Amino acid sequence: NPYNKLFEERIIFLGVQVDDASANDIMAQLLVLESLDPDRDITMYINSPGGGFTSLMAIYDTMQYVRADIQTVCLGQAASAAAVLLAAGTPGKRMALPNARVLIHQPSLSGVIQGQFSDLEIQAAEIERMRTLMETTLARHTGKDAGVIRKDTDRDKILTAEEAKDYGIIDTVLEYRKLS
Amino acid sequence: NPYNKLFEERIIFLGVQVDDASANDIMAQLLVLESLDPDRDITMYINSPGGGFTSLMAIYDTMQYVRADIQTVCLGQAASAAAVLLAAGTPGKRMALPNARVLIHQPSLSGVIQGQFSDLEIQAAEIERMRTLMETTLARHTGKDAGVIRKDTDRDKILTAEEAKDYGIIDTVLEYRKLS
Amino acid sequence: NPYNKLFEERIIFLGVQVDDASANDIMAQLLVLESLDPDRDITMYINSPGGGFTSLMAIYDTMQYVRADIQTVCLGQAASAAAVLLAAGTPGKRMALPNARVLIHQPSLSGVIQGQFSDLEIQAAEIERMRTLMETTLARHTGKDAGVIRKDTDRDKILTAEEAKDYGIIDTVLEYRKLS
Amino acid sequence: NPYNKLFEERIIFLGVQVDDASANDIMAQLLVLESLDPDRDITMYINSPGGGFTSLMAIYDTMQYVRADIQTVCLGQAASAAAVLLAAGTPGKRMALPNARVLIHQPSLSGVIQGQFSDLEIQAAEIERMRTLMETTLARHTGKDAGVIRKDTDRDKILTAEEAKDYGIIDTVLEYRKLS
Amino acid sequence: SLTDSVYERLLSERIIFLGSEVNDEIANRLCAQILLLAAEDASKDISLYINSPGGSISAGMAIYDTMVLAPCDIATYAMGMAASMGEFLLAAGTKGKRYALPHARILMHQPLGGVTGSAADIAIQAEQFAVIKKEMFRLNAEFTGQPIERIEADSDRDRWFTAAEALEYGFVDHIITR
Amino acid sequence: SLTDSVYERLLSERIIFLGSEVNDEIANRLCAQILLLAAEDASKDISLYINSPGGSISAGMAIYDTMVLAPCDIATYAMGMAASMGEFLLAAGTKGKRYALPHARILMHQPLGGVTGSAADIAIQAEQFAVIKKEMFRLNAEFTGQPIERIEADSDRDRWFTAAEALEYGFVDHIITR
Amino acid sequence: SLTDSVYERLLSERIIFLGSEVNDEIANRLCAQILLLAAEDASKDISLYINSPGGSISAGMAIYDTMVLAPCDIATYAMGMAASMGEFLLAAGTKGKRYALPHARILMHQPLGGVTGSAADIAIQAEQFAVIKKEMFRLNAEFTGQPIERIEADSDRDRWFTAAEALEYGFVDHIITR
Amino acid sequence: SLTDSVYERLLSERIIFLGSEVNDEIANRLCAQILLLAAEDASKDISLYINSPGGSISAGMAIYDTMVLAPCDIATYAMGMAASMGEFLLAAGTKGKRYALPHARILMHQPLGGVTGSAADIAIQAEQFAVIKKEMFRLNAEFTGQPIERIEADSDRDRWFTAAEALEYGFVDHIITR
Amino acid sequence: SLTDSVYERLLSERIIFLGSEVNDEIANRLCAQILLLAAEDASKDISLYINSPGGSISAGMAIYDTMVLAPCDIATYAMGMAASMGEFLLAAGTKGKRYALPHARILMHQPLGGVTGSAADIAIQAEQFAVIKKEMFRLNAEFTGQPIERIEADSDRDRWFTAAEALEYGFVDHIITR
Ligand SMILES: CC(C)C[C@H](NC(=O)[C@H](Cc1ccccc1)NC(=O)c1cnccn1)B(O)O
Ligand SMILES: CC(C)C[C@H](NC(=O)[C@H](Cc1ccccc1)NC(=O)c1cnccn1)B(O)O
Ligand SMILES: CC(C)C[C@H](NC(=O)[C@H](Cc1ccccc1)NC(=O)c1cnccn1)B(O)O
Ligand SMILES: CC(C)C[C@H](NC(=O)[C@H](Cc1ccccc1)NC(=O)c1cnccn1)B(O)O
Ligand SMILES: CC(C)C[C@H](NC(=O)[C@H](Cc1ccccc1)NC(=O)c1cnccn1)B(O)O
Ligand SMILES: CC(C)C[C@H](NC(=O)[C@H](Cc1ccccc1)NC(=O)c1cnccn1)B(O)O
Ligand SMILES: CC(C)C[C@H](NC(=O)[C@H](Cc1ccccc1)NC(=O)c1cnccn1)B(O)O
Ligand SMILES: CC(C)C[C@H](NC(=O)[C@H](Cc1ccccc1)NC(=O)c1cnccn1)B(O)O
Ligand SMILES: CC(C)C[C@H](NC(=O)[C@H](Cc1ccccc1)NC(=O)c1cnccn1)B(O)O
């Protein structure tokens with residue numbers, strides 16, 4: 001079973017939309033591979049369209065918690081939260097395939113949430129500290145000034161893997177082993 | 001199977017929306033780990049958006065019933081009922097990841113319930129004693145005056161884990177162990 | 001179980017609509033067969049209607065990453081992304097059944113995405129570099145000038161397998177073996 | 001399990017609507033029975049309402065590819081794609097039950113596909129070469145002139161098994177064996 | 001229309017109908033008709049015929065205030081059904097001029113509503129439901145002449161009345177029989 | 001129609017109704033009616049009867065600006081319900097001419113809305129929600145004569161008023177009783 | 001109707017309303033009204049009152065061209081809300097005759113749209129979105145008198161204005177206060 | 001209605017609007033209006049103002065045939081948008097009388113459709129799509145004066161025009177600026 | 001309405017439109033208009049302009065019988081589209097008075113339908129489909145003057161005609177060009 005043999009070789013496969021249930025699976029997998037061998041590097045494969053900030057920071061804190069280095073490999077897409085998880089790998093071990101896409105953008109409410117203006121001043125203060133935390137996280141891991149990331153994630157910033165290396169999202173664009 | 005290996009290492013994973021079926025699973029898991037070793041600490045991982053008050057107080061009473069200490073760890077979100085379950089851990093063992101979110105707010109009817117005014121004086125007296133019980137529970141576990149919590153949970157009170165420690169929801173913000 | 005016996009004989013079966021979950025399965029299968037025997041050729045059977053560009057370039061980069069040669073065999077259809085994956089096989093090992101259909105066409109937004117014009121200048125710059133990357137990929141693997149492919153994938157270009165050989169999508173139209 | 005014991009006795013059961021997933025199962029089954037014994041005849045039971053042309057020509061090419069003779073047996077229905085697969089058996093081994101129905105008809109777009117007229121000149125050139133390929137295939141296997149089949153599949157041509165034998169779709173109407 | 005034409009000709013004869021549920025649209029056109037008829041002639045009676053399953057409290061309180069502040073005497077007529085706000089506006093007619101047609105049925109019951117939102121919202125809706133229920137029962141006790149304790153006891157569940165039972169209870173003043 | 005005919009005859013008597021939620025359609029026809037009545041006679045009062053669950057802020061600000069810039073004195077009448085923008089336009093009447101019918105209920109509450117989109121969109125919606133909420137509370141403090149601190153404190157949740165409580169608070173100037 | 005009757009009587013007084021979203025239906029009837037009023041009398045001002053959440057660019061460009069090619073001076077009035085195409089047509093009024101009612105709010109933002117179809121379709125939609133956005137910003141820079149660099153910078157996200165801020169920015173020429 | 005009343009008064013001034021998508025309902029009423037105006041006076045120009053996203057080919061060919069067979073000169077006016085059948089009927093006006101308002105945008109593109117049914121049905125739809133596309137391009141080459149090879153090349157995808165680009169290309173004859 | 005007013009004014013000029021699908025509602029009003037115009041003046045021609053995608057056979061046979069039994073000569077006009085029942089009623093006009101506008105397209109095809117129910121129901125529907133198809137082809141052979149074998153052969157699938165091809169085939173008698 002190919003997902004088992006990834007996990008037996010210490011590869012957590014993100015794969016799907018980052019929601020609660022996807023975040024719950026990875027934190028279960030980050031801690032088991034922490035307990036199996038805390039000194040051997042966990043690899044995290046990321047092909048996710050992102051989504052979720054509390055699901056982001058559940059995966060983010062757990063992959064920062066564990067003793068093992070997290071090797072993040074972007075496969076075809078790391079959008080929104082998944083690009084933050086892609087930068088969340090340990091320095092020197094953040095990888096991307098050459099035609100992988102890194103999409104960084106500020107947090108967004110999917111759909112309108114109603115309420116009184118006192119309720120909405122708090123839901124707006126929440127997405128503002130969701131925004132600053134997304135930028136403070138992505139500044140620890142890209143080496144940028146977090147106001148630069150606010151200017152850059154003002155809109156959808158699609159990064160090619162070669163220019164996600166220059167941005168600091170990843171550290172290495174993966175070279176092939178068949179020359180075609 | 002990573003949820004089995006959490007449960008074999010005495011970790012109950014909340015994970016999803018607290019409803020009846022989620023509450024039914026945890027009480028089944030709180031009592032089995034009570035029967036396996038009542039002197040060894042049950043750990044409860046919380047990444048829940050909350051919901052449900054009778055499902056809250058089903059999980060709450062069961063994790064207060066068992067002989068084992070409950071180590072509550074907030075992963076990315078401990079909202080509403082889940083933040084009460086997060087405070088429901090034993091003192092000194094209530095943990096949160098550094099970018100976890102604790103959201104405390106008063107109970108709310110999801111959707112309108114119709115009825116005569118005599119029916120609605122009782123559904124309002126119910127959510128009032130749902131509100132006082134949410135505040136009396138959260139005052140036993142945070143050390144606040146339960147009128148302070150009424151002022152604080154008047155709206156949605158988002159707590160960062162460092163200021164959920166100051167609020168008394170958790171006792172320790174978890175430090176990272178990446179051997180680096 | 002016939003999909004297991006394909007995979008035990010190192011045959012990855014694409015089969016379905018290329019989306020995230022289909023791309024996640026193949027990259028799990030491309031790397032396991034890379035780890036089982038990196039010098040023995042992986043065969044990729046393609047009967048897909050395509051779809052997805054980040055799911056395309058997730059499968060594309062992984063089948064270009066692995067040490068094993070990828071034998072792409074088109075069964076009845078390689079439309080959209082799947083025709084790019086069909087050309088993504090190693091030269092000399094790109095096969096098609098005689099009545100298989102190869103459909104190459106420029107990337108397309110399924111459904112309207114709304115937004116401000118600054119948001120739409122970026123979603124249009126994205127599908128433009130989705131278009132150039134689809135043509136640069138398909139020019140490395142067909143030996144065309146990538147402006148020829150832009151003229152050819154301007155509309156839906158259905159290729160019969162005998163004229164997908166002349167186009168460079170495949171290298172061999174498969175002859176039948178019926179003892180006859 | 002009765003479908004396993006069909007497959008262990010080298011009987012591929014078509015059964016359902018010919019779509020991608022049904023075509024993917026049969027090609028997996030045609031090649032496994034090719035690898036188990038390439039000199040022993042695969043039997044293909046057809047009770048399908050048809051559908052799909054690329055799914056047709058995926059099953060068609062694979063049952064023409066394999067070394068084993070394909071014994072096609074029509075059970076109660078071979079319509080559209082399935083009547084072409086019924087004629088796709090080896091000569092002398094194309095069978096039908098006496099009250100089986102063979103329905104041959106030209107390819108059809110299920111539902112309207114929109115587009116510019118340049119897009120629709122290609123979708124019409126596609127169903128025209130879908131139509132000629134359906135007639136060229138059915139002329140190799142029935143011994144007709146492929147313009148005769150165009151006149152005959154102009155509308156829905158329902159063939160009884162006794163007059164699908166005269167048409168050349170099948171070679172033998174199966175006699176009953178009730179030892180009674 | 002025809003239905004609007006017949007209602008317009010009865011509006012000329014100072015006969016207005018509450019014939020639907022009392023929502024804000026039917027209440028505003030009745031309040032408009034009472035203001036139009038009281039401005040047209042301030043001394044002739046307005047005949048309000050109630051065939052209503054009841055409706056919004058505030059919509060019916062708009063009608064009731066327009067009935068009271070009109071200088072005309074609003075003669076009310078239970079025509080088939082005066083349930084909920086329909087019995088309220090029936091009993092809100094001028095004393096001596098509240099009529100039940102002999103087979104009208106009067107439904108009296110405490111107000112219905114819905115609580116929603118947070119527990120601080122619902123606690124304020126409940127305070128306001130207690131205000132509306134006390135005021136609706138106070139006015140039904142004023143209209144019928146019953147004690148407010150009996151009004152509150154009878155409007156616990158649905159309390160149905162015939163025309164003769166509504167005459168004894170006090171919703172109507174006469175049962176017209178011609 | 002009939003309902004449009006009765007409203008047209010009250011428009012001739014300079015009586016206009018805010019009887020629905022204040023959306024842009026009802027606001028534009030009220031603004032049209034106020035502009036039509038102020039052009040017809042610029043010295044007679046316009047009677048605006050409020051039976052409204054409230055509505056859009058900008059729709060009600062269109063009505064409120066048309067009420068103020070009209071040379072006529074807009075007499076407002078709480079008729080059953082003046083909630084949200086309905087209490088605002090009630091209290092926006094000419095001082096001395098803001099009336100509550102005796103069983104009208106006035107609902108006062110901070111504005112409702114919805115945040116959506118990206119975090120830079122929501123940060124601008126929040127700045128504008130703070131501008132609208134400050135301006136709505138400033139005008140309710142101007143209308144009622146209450147301090148803006150009390151207006152902001154009372155319009156935290158729903159704050160219901162009877163006609164007598166709205167008279168004490170300052171939304172209306174009289175409770176007419178005839 | 002009544003609402004159509006009040007709008008017809010203001011059309012006789014040369015007062016037309018943009019009171020909805022600017023779609024092609026509301027734009028064509030405004031263009032029809034401007035052509036009808038300019039043919040009726042070519043020297044009197046047309047008062048266009050804007051209560052609009054904005055709408056289609058090409059619908060509003062139809063109105064804007066009909067406003068400019070009319071020999072009448074189109075006096076515009078921000079009535080509650082002038083957003084998107086509503087602020088555009090507000091600022092498209094005759095200079096000296098662009099008014100904001102004192103509590104109107106003006107929303108200025110780059111155009112919204114949607115890309116769809118193939119990458120050659122979307123590349124042409126993007127070229128045309130750059131043409132529309134440049135032309136909308138050029139005209140807002142012409143209307144307000146602001147530089148086109150400031151118009152483009154302020155219309156990145158939603159940029160809200162009060163009546164006083166819109167007077168300083170240049171959308172309106174006066175804030176009428178009577 | 002009001003909208004029908006303003007269109008009726010412009011129909012008296014021989015101004016008709018194509019203001020919707022060109023479906024058979026809008027085409028038949030335009031063909032009815034052109035036949036009505038050509039029968040009323042056969043020498044005065046009919047002003048057809050186009051604010052259209054385009055529509056059915058056969059609906060617009062009904063309008064185009066009614067425009068040509070009318071003895072009147074149909075003056076056409078690109079008012080905001082003349083896309084597809086809207087640019088066709090714009091360019092189908094009388095030469096010298098095809099106008100673009102200065103901010104109208106003209107969209108030119110090959111016809112859209114849909115193939116469905118069996119392969120013998122679709123082969124006949126494709127033959128007829130080639131006939132319609134050749135005839136639409138022949139008439140746009142006749143209207144604009146462009147070669148049919150350039151019309152076919154430009155109407156491959158969407159081809160947008162400003163009023164000045166449509167004047168150079170040949171859809172309109174003047175850009176009116178007053 | 002306006003659209004009904006323009007059609008009423010063309011009905012006074014004896015111009016009726018078949019402008020929709022021929023269902024029973026559009027057929028009955030055309031049959032009503034033909035009976036009304038033949039009773040008004042029994043010697044002047046009725047101009048029936050066809051812009052129709054076709055429709056019900058029995059609805060169009062109602063129109064066709066009303067066209068024939070009218071003492072007036074029904075001049076028919078292919079205006080953009082005459083498909084199915086629209087080409088039938090086009091070709092059903094008076095000989096010498098069947099016109100195609102020069103870019104009308106005529107679609108000729110066998111009738112469509114649906115079989116449903118039991119096998120005894122479907123066998124009777126099939127007998128009746130053979131009766132309708134034989135009668136529709138007999139009348140198209142009578143109208144066009146083509147043999148019924150050619151009508152049946154051409155109406156196998158969709159058979160499209162331009163105005164010039166329909167003139168050669170026999171649906172229309174002239175292509176008017178002015
Ligand atoms: C860049 C990081 C912060 C993640 C981004 N933030 C979000 O908008 C997502 C929301 C989302 C997006 C797509 C699908 C499902 C959920 N994160 C959130 O949960 C969220 C919630 N409220 C405000 C802002 N973000 B991205 O849109 O996923
Ligand atoms: C803070 C604690 C009390 C949990 C909070 N409670 C609630 O708001 C929840 C939300 C909810 C869930 C199901 C159905 C209706 C409403 N309240 C309740 O459980 C609830 C259920 N029935 C009546 C009244 N409240 B939170 O919103 O989850
Ligand atoms: C070779 C490939 C790139 C050509 C075709 N590509 C596309 O049309 C696909 C279809 C699609 C899938 C998901 C969402 C939207 C659109 N385009 C994309 O992958 C895509 C995805 N997001 C934005 C823009 N394009 B085909 O459908 O795979
Ligand atoms: C006779 C052979 C060619 C098969 C026939 N072809 C078709 O009409 C079916 C139609 C279909 C069925 C299921 C889902 C989608 C489309 N085969 C096709 O896929 C198809 C698609 N486009 C044109 C023609 N055929 B029959 O109708 O299955
Ligand atoms: C008249 C009274 C005593 C009984 C009933 N009236 C009500 O309670 C009505 C029924 C209704 C109408 C419209 C929408 C929702 C509810 N309720 C109200 O208007 C109401 C409910 N809660 C608070 C304030 N008013 B009856 O009219 O159905
Ligand atoms: C009047 C204020 C104080 C309270 C309430 N206001 C609102 O909730 C209304 C919501 C509404 C209602 C009907 C239609 C459209 C929008 N406020 C607004 O219009 C609004 C909301 N957010 C931003 C700007 N304006 B009430 O009117 O419901
Ligand atoms: C006035 C401008 C600056 C601001 C806004 N404009 C628009 O968003 C308008 C409204 C609209 C209409 C249909 C679909 C999408 C959007 N945009 C357009 O009309 C538009 C959109 N894409 C291309 C051309 N025009 B507002 O009017 O909504
Ligand atoms: C008009 C020319 C320039 C190009 C475009 N035409 C079309 O797309 C329209 C599509 C349409 C529109 C409304 C209702 C039904 C069908 N073309 C047709 O009407 C059409 C399509 N296929 C065959 C015959 N006519 B435009 O209108 O979008
Ligand atoms: C008119 C002739 C030449 C060809 C076509 N006729 C029809 O399809 C029409 C349209 C229609 C209406 C209702 C249900 C099914 C079909 N066929 C019939 O009216 C019809 C009459 N009898 C039996 C079955 N269908 B055309 O109108 O599309």
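Order of listing sets the numbers, starting from 1, for every ligand and every atom in it. Values reported hereafter were calculated over all heavy atoms of this structure, with side chains retained and with hydrogens, waters and symmetry mates removed. Every chain is numbered from 1, with letters handed out A, B, ... down the list of sequences.
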Among all protein heavy atoms in this structure, tell me which lies nearest to [atom], with the distance rounded to 0.1 Å.
atom: atom 13 (C) of ligand 8; answer: H/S56 N, 3.3 Å
atom: atom 19 (O) of ligand 8; answer: H/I57 N, 2.7 Å
atom: atom 27 (O) of ligand 3; answer: C/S80 OG, 2.4 Å

Classify the contact between [X] and ligand 9 as side chain, backbone, both or neither, using a heavy-atom distance cut-off of under 4.0 Å.
X: I/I132; answer: side chain
X: I/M136; answer: side chain
X: I/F129; answer: side chain

Inset, instruction - Pick out which of I/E149, I/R150, I/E142 makes a side chain to side chain donor-acceptor pair (under 3.5 Å) with I/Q146. - result: I/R150

Legend entry - Proximal candidate to atom 28 (O) of ligand 8 [heavy atom criterion; set H/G54, H/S84, H/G114, H/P111]: H/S84

Inset, instruction - Report the member of H/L112, D/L120, H/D24 with the shortest heavy-atom distance to atom 8 (O) of ligand 8. - result: H/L112

Inset, instruction - Could you tell me whether some N/O pair between I/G55 and ligand 9 is separated by less than 3.5 angstrom? - result: yes

Legend entry - Derivation of the side-chain hydrogen bond (donor to acceptor under 3.5 Å, both in side chains) call for H/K133 and D/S118: CA-CA 9 Å; H/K133 183 174 175 178; D/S118 294; 2.6 Å; yes

Legend entry - Check: C/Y60 ring centre within less than 6.0 Å of C/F53 ring centre: no

Inset, instruction - With heavy atoms of H/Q110 as the reference, note each atom of ligand 8 found under 4.0 Å away. - result: 4 (C)

Legend entry - Per-atom contacts, ligand 9 versus I/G113 - under 4.0 Å to a heavy atom: 15 (C), 24 (C), 25 (N)

Inset, instruction - With heavy atoms only and a cut-off of under 4.0 Å, state how H/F88 meets ligand 8: side chain, backbone, both or neither. - result: neither

